[PDB]
Amino acid sequence: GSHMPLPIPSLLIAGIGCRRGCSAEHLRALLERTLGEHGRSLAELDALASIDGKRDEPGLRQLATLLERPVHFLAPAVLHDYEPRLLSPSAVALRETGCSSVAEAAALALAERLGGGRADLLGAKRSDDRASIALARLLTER
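Judging from the entry metadata, X-ray crystallography is the method by which this structure was determined, and 1.70 Å is the reported resolution.

Undergrad: Teacher, can you tell me more about the overall build of the protein chain here?
TA: Counting its regular elements, the protein chain contains five helices and six strands. The helix and strand sequence of the protein chain, counted from the amino end, reads β-α-β-α-β-α-α-α-β-β-β. Expected size for 142 residues packed as a compact globule is a radius of gyration near 14 Å; at 15 Å, the protein chain falls within 12% of this value. Counting over 142 residues, the protein chain shows a buried share of 42%. Sequence separation of 24 or more characterises 63% of the internal contacts of the protein chain that already satisfy a separation of 6 or more. Carbon and sulfur atoms form 49% of the exposed surface of the protein chain, whose accessible area is close to 7,800 Å². In the protein chain, 18 side chains carry a positive charge and 18 a negative one; their mean positions are 2 Å apart.

Undergrad: Before we go on, may I ask you to explain the side chain of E104 in this structure?
TA: Relative to the helices and strands, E104 resides in helix 5 (residues 102–115). Despite its burial, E104 pairs with no opposite charge; the closest candidate is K125, at 5.4 Å N-O. Only 2.7 Å separates the side chain of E104 from the backbone nitrogen of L87, close enough to count as a polar contact. A distance of 2.9 Å separates the side chain of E104 from the backbone nitrogen of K125, its partner in a polar contact. When neighbours within four sequence positions are excluded, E104 is seen to be in contact with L86, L87, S88, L121, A124, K125 and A134.

Undergrad: Just to check I follow, could you spell out the side chain of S101 for this structure?
TA: With respect to the secondary-structure elements, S101 resides in the loop between helix 4 (91–97) and helix 5. Residue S101 is classed as buried on the basis of its relative accessible area, which comes to 1%. Those residues within four positions of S101 in sequence are excluded, and the remaining contacts are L86, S88, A93 and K125.

Undergrad: Explain unusual backbone geometry here, please?
TA: Among all residues save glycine, negative phi is the norm, and among peptide bonds the norm is trans. One non-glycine residue with positive phi stands out, namely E68, at about 50°. Its location among the elements puts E68 in the loop between helix 2 (58–67) and strand 3 (71–74).

About the cut-offs
- Residues numbered from 1 in each chain as written, not as in the entry; some residues may be left out.
- Heavy atoms only, no water.
- Helix = DSSP H or I, 4+ residues; strand = E, 2+ residues; numbered from the N terminus.
- Rg over C-alpha atoms; globule rule 2.2 N^0.38 Å.
- Buried < 20%, exposed > 50% of the residue type's maximum accessible area, 1.4 Å probe, protein only.
- Contact = heavy atoms within 4.5 Å.
- Areas by Shrake-Rupley, 256 points an atom, 1.4 Å probe, with all protein chains shown as cover.
- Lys, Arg positive; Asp, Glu negative; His and termini not counted.
- Charge placed at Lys NZ, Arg CZ, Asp CG, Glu CD.
- Salt bridge = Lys/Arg side-chain N within 4 Å of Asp/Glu carboxyl O.
- Polar contact = N/O pair within 3.5 Å; in protein donor to acceptor, adjacent residues only side chain to side chain.

Okay, structure coming up:
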């Protein structure tokens, strides 16, 4: 009947924070690793998220093009809303942006905006010395 409950737009968002000049190839390898840890395929990603600001973002834009999937850059003030929910505070991120984890905050922020309900991180962000990636999913889950 019309009361048929459709739950999941099962959205999966990757939030990314990285050093200046980080390549699409580097970001993609780290993204693939992060997805693998959580038994997610790159095919399952809906969008990428990061922080907006004045630096140009060609690595992220190239990654979005490779994936044929969008990248959204969110206001620092928006990311700040998610401070209390972050798992992996970053001294560099905090100093530079006002946000304790760009990857974690951007993932949550975008998932909730596209999804219109609460999102949860799949886990703490995965990091190397040039980038960090976090995954967020729209939390159904009756």
